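Trainee: okay, here's the opening piece of the assembly, coordinates as they are in the complex:
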Amino acid sequence: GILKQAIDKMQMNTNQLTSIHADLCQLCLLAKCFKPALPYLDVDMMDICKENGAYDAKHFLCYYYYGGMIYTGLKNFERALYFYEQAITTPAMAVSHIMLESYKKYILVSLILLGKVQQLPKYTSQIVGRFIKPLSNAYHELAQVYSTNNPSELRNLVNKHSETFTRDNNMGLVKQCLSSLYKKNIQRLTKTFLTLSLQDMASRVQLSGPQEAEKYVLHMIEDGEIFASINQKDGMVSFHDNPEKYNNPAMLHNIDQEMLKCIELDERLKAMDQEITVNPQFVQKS
């Protein structure tokens, strides 16, 4: 709380990153109370305070990595992946400690949410393409095995490489990868089969039992990732691929909400450009 009282009394604007944010995130992560730090993380941070030349990279790389830590514990994988990607692409002509862990958690989270490794943005320092990439081989092996959609060899691979994963203390984000195959194979089957018997799809996805197939389908329909129906009179899972017609006022409201964010972004860029076009350092370079 003390730190959350300091943030508002030094930063010029709420969207202004500072070194104290990293300390707040560190204390939040080590205190196992994630909720109080959410308001200071959801808002985007534009411009970073130089604070008399004391804001080095150790206070910027740490913040966007502890943000990934705090989001990956709340199952908000999109923003966690975004923070990890932002932490990866810092300009750095060396190898740091937290960079390796951020890369490992990025390679885990990308496999968690997507079905593939998201390509890093091109504006990345060449150090990651030569040093950090060959150092973390087990995670790349995990990605390569995951790309085959085979839920049997993955168990053996994760069992074999348990030592390094336990040493990195990221246990929990790799068993999620193991469970993600059973959640992705059903979605893949959605594109092909209109309806199925529990036995056939259970043999296809290999969960060893029709009974647990009903449990997985119920979990999927409860969490809303799929549009399926269970019909127990004949052992049926039916795939209703009619989610939305895109004609209700709710879609119009969503479009309006997206417009009011794009407009704010455009206004901010225009204001920044207008500010740039006034600097006395400029006007003389042209």
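Mentor: Cool, the structure landed. Numbering: from 1, shown residues only, chains lettered A, B, ... in the order given.
Trainee: any idea which element the most centrally placed residue in chain A lies in?
Mentor: Compute the mean C-alpha point of chain A, and by C-alpha atoms, centre = their mean the closest residue is residue A:81, 2.5 Å away. Using DSSP states H and E, the element containing residue A:81 is helix A:77-88.
Trainee: Report the buried residues of that helix.
Mentor: By 16 or more other C-beta atoms under 10 Å, the buried positions in helix A:77-88 come out as A:77, A:79, A:80, A:81, A:83, A:84, A:85, A:86, A:87, A:88. C-beta here means a position set from N, CA and C on the backbone, and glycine is covered the same way.
Trainee: Name the nearest residue to the fourth one, ignoring sequence neighbours.
Mentor: The reference is to residue A:81. residue A:109 (4.8 Å; C-beta to C-beta, 6 or more residues apart in numbering).
Trainee: what comes up buried for the one helix or strand the one you found maps to?
Mentor: Taking DSSP H and E as the definition, residue A:109 sits inside helix A:97-113. Within helix A:97-113, the residues scored as buried using 16+ other C-beta under 10 Å are A:99-112.
Trainee: Take those and write them to TSV, including distance to residue A:17.
Mentor: What follows is these, written out as TSV (distance: C-beta to C-beta, whole Å):
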residue	distance to residue A:17
A:99	18
A:100	23
A:101	21
A:102	17
A:103	22
A:104	24
A:105	21
A:106	20
A:107	25
A:108	25
A:109	22
A:110	24
A:111	29
A:112	26
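Trainee: returning to that earlier point: gap between the residue nearest to residue A:81 and residue A:161?
Mentor: 18 Å (C-beta to C-beta, to the nearest Å).
Trainee: now residue A:246
Mentor: Distance from residue A:246 to residue A:161, by C-beta to C-beta: 45 Å.
Trainee: neighbour count winner among these two?
Mentor: residue A:161 (16 against 8; other C-beta atoms under 10 Å).
Trainee: and the helix holding residue A:81, what other elements does it pack with?
Mentor: The elements that helix A:77-88 packs onto, with contact taken as 3 or more C-beta pairs under 8 Å, 6 or more residues apart in numbering; DSSP states H and E, are helix A:61-72, helix A:97-113.
Trainee: How far away from the center of its chain is the first one?
Mentor: Between the mean C-alpha location of helix A:61-72 and the chain-wide mean there is a distance of 11 Å, by C-alpha atoms, centre = their mean, to the nearest Å.
Trainee: Chain B goes on too:
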Amino acid sequence: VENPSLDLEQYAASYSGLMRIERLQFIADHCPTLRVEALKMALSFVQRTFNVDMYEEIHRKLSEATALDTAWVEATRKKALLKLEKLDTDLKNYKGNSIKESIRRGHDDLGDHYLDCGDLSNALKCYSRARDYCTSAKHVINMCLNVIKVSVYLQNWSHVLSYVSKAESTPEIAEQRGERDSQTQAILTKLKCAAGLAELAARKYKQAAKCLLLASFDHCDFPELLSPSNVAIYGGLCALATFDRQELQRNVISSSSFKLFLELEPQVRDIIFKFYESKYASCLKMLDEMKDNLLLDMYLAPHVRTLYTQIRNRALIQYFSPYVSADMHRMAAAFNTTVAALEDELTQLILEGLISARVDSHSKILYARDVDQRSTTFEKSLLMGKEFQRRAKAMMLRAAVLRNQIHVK
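Mentor: Chain B, in position alongside the others:
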């Protein structure tokens, strides 16, 4: 694997030169339990044409299968040496005489002699050095077909294709007039057949079929590159696998000059006609029957499986094209396949996007689903907008961090 319908006598009679020896070696290597007659024919007839190394190879093969002929070996060796000496003295004399025509003829003769001996690279370099003494375009075309022959012996198909194209461009593009309403000495058909064969060897089926299709029967009686029967087989199978319905109607079944090639091999004609007229059971049955004899060819051996897979996939796609909801029991019965394997094939094909269909595996019905343009466009537009907003959010932060010049130390 046994097949008694194969006729080695027809194979020996149809082809000639080193090609028959190579085909006999291929059929011996790939067809067991039929080696005795093929190697007996090889021993009886290939005793000519200066068998030196392949003679020892076939002798070893016969020894493995199971008096020694050795004096004839050095007799032929010394005869070849004295013939080489005569050729060398003759070519020195002709070089001293400095006559372009005589030197060109001597170079061609020595290249042919070295080809008979088995010196492929030596013949190639001899023709390369003889290229410098070209006068007329017809001599260029003749040495071109010779070099194409030696190159397809050497298996360098890119050079074969470039050499065929340069040959096409040599005589001011088909003499600019068509050689007086097509040429009686139509080497154009032979070079087109060579180009099609090279394209087929290069895993380019569409171009190979297109090039080999333009062939004339009355100028295809020169069995030194291909025979009409295998030309028809290659063309029919490649066109069946590659071309769509429109080309399978305009090019293969309606071309008058190609019905003769079809009549040469009635089985290919039956296959094509039954595939065209929505008759798949008999077509697949006859193709499966043909596969055993087809696999014994020496050019098409490494391509049978992919060809058949493409044919089957095209057959499935064409069969489901005119249907909106099909009972897959009749689909399985017409394709000579059980329900489970047909289901596996359909679920493998659907994931690739070739067939826009879904399977209802309770009443066993293959339904056809049409995409709604509005929902797809709205969803993709929203997704693209979200991605663009995220990209802007990232890059403006990157602009700020570049402004403050932050780097690790």
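Trainee: With chain B now part of the structure, what is the answer for the buried residues of helix A:77-88?
Mentor: A:77, A:79, A:80, A:81, A:82, A:83, A:84, A:85, A:86, A:87, A:88 (16 or more other C-beta atoms under 10 Å in any protein chain shown).
Trainee: swap in stretch A:157-170?
Mentor: For stretch A:157-170, by 16+ other C-beta under 10 Å, it's A:157, A:158, A:161, A:165, A:168, A:170.
Trainee: quick one: which of the residues you listed is nearest to chain B?
Mentor: residue A:168 (21.0 Å; C-beta to the nearest C-beta).
Trainee: do you know how far the nearest residue to that closest one once chain neighbours are set aside is from chain B?
Mentor: Using C-beta to C-beta, 6 or more residues apart in numbering or on different chains and skipping the chain neighbours, the partner closest in space to residue A:168 is residue A:104 (6.4 Å). Distance of residue A:104 to chain B, given as C-beta to the nearest C-beta, to the nearest Å: 18 Å.
Trainee: Residue A:78 too?
Mentor: 9 Å.
Trainee: List the residues that contact that residue.
Mentor: If a contact means C-beta atoms under 8 Å, 6 or more residues apart in numbering or on different chains, then residue A:78 has residue A:113 as its contacts.
Trainee: can you give me the end-to-end distance of stretch A:190-199?
Mentor: 16 Å (C-alpha to C-alpha, to the nearest Å).
Trainee: Which residue ranges of the stretch 151-286 of chain A form strands?
Mentor: Assigned by DSSP state E, counting those that start in this stretch, the strands in the stretch 151-286 of chain A fall at A:193-197, A:228-231, A:236-239.
Trainee: excluding its backbone neighbours, what's nearest residue B:394?
Mentor: residue A:86 (6.4 Å).
Trainee: my bad, should have said residue B:403
Mentor: residue A:47 (7.7 Å).
Trainee: residues contacting the one you found?
Mentor: Neighbour list for residue A:47: A:15, A:16, A:17, B:400, B:403, B:404 [criterion: C-beta under 8 Å, 6+ apart].
Trainee: close enough to count as contact, the third one and residue A:44?
Mentor: No. Taking C-beta atoms under 8 Å as the definition, residue A:17 is not a contact partner of residue A:44, at 9.4 Å.
Trainee: got the residues of the stretch 51-200 of chain A near chain B?
Mentor: For the stretch 51-200 of chain A, the residues in contact with chain B (C-beta under 8 Å from any C-beta of the partner chain) are A:55-58, A:60-61, A:82, A:85-86, A:89-94, A:96, A:121, A:123, A:188, A:191-197, A:200.
Trainee: ok, now chain C:
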Amino acid sequence: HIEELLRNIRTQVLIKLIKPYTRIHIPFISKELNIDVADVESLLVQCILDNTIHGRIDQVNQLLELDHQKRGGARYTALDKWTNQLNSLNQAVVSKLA
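Mentor: That brings us to chain C, laid onto the chains above:
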């Protein structure tokens, strides 16, 4: 050439009769065409594969669904075209540097 004949006439009859309808029974076609249902299906599949009849064949209920559909949705495709450009456009804009 009587097998090539006796075939164009039936195809012309089918084309003339299929114009006003949008979904019919196969036996109804069989009655007027004076041929069995299997041959009716063969003629229909040949005509559809030859792009002469704009429709699809239903085999579980032996129906013939025409194509009295496809309103003026060209707009939508052109709209999609914007996406296929604009995405790439920002991909070039962000890739300048920062």
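Trainee: ok chain C is in now, so what about what packs on helix A:77-88?
Mentor: Judged by 3 or more C-beta pairs under 8 Å, 6 or more residues apart in numbering or on different chains; DSSP states H and E, helix A:77-88 is in contact with helix A:61-72, helix A:97-113, helix B:373-404.
Trainee: Could you identify which of the ones you listed is most buried?
Mentor: helix A:61-72 (a mean of 24; mean count of other C-beta atoms under 10 Å in any protein chain shown).
Trainee: Which residue comes closest to the closest residue to chain A within the stretch 251-400 of chain B once chain neighbours are left out?
Mentor: Residue nearest to chain A within the stretch 251-400 of chain B (C-beta to the nearest C-beta): residue B:358, separated by 4.1 Å. For residue B:358, ignoring the flanking residues on the chain, the nearest one in space by C-beta to C-beta, 6+ apart is residue A:194 at 4.1 Å.
Trainee: distance of the one you found from chain C?
Mentor: Taking C-beta to the nearest C-beta, one finds residue A:194 at 14 Å from chain C.
Trainee: Then residue A:40?
Mentor: Distance from residue A:40 to chain C, by C-beta to the nearest C-beta: 25 Å.
Trainee: Show me the contact partners of the one helix or strand that residue maps to.
Mentor: Assigned by DSSP H and E, residue A:40 belongs to helix A:39-42. Contacts to helix A:39-42, defined as C-beta under 8 Å, 6+ apart, come from residues A:4, A:7, A:21, A:24, A:25, A:67, A:70, A:71, A:79.
Trainee: and the first one, that's in a helix?
Mentor: The one in question is residue A:4. Yes. Assessed by DSSP: H, G, I helix; E, B strand; the rest coil, residue A:4 belongs to a helix.
Trainee: Quick one: neighbours of it, just the number.
Mentor: 15 (other C-beta atoms under 10 Å in any protein chain shown).
Trainee: before we move on, the earlier item: among the helices and strands packed on helix A:77-88, which is nearest chain C?
Mentor: helix B:373-404 (4.5 Å).
Trainee: Can you name the residues of chain C sitting close to chain A?
Mentor: Counting by C-beta under 8 Å from any C-beta, chain C sits next to chain A at C:95, C:97, C:98.
Trainee: if you set the cut-off to 7 Å instead, what comes out?
Mentor: Listed as neighbours of chain A in chain C under the rule C-beta under 7 Å from any C-beta of the partner chain: C:95, C:98.
Trainee: So which bits of the stretch 1-150 of chain A are right by chain C?
Mentor: So far as C-beta under 7 Å from any C-beta goes, the stretch 1-150 of chain A lies against chain C at A:122, A:123.
Trainee: coming back round to it: what angle do helix A:61-72 and the helix holding residue A:109 make with each other?
Mentor: Counting by axes from the mean of the first three to the mean of the last three C-alpha atoms, to 10 degrees, helix A:97-113 lies at 30 degrees to helix A:61-72.
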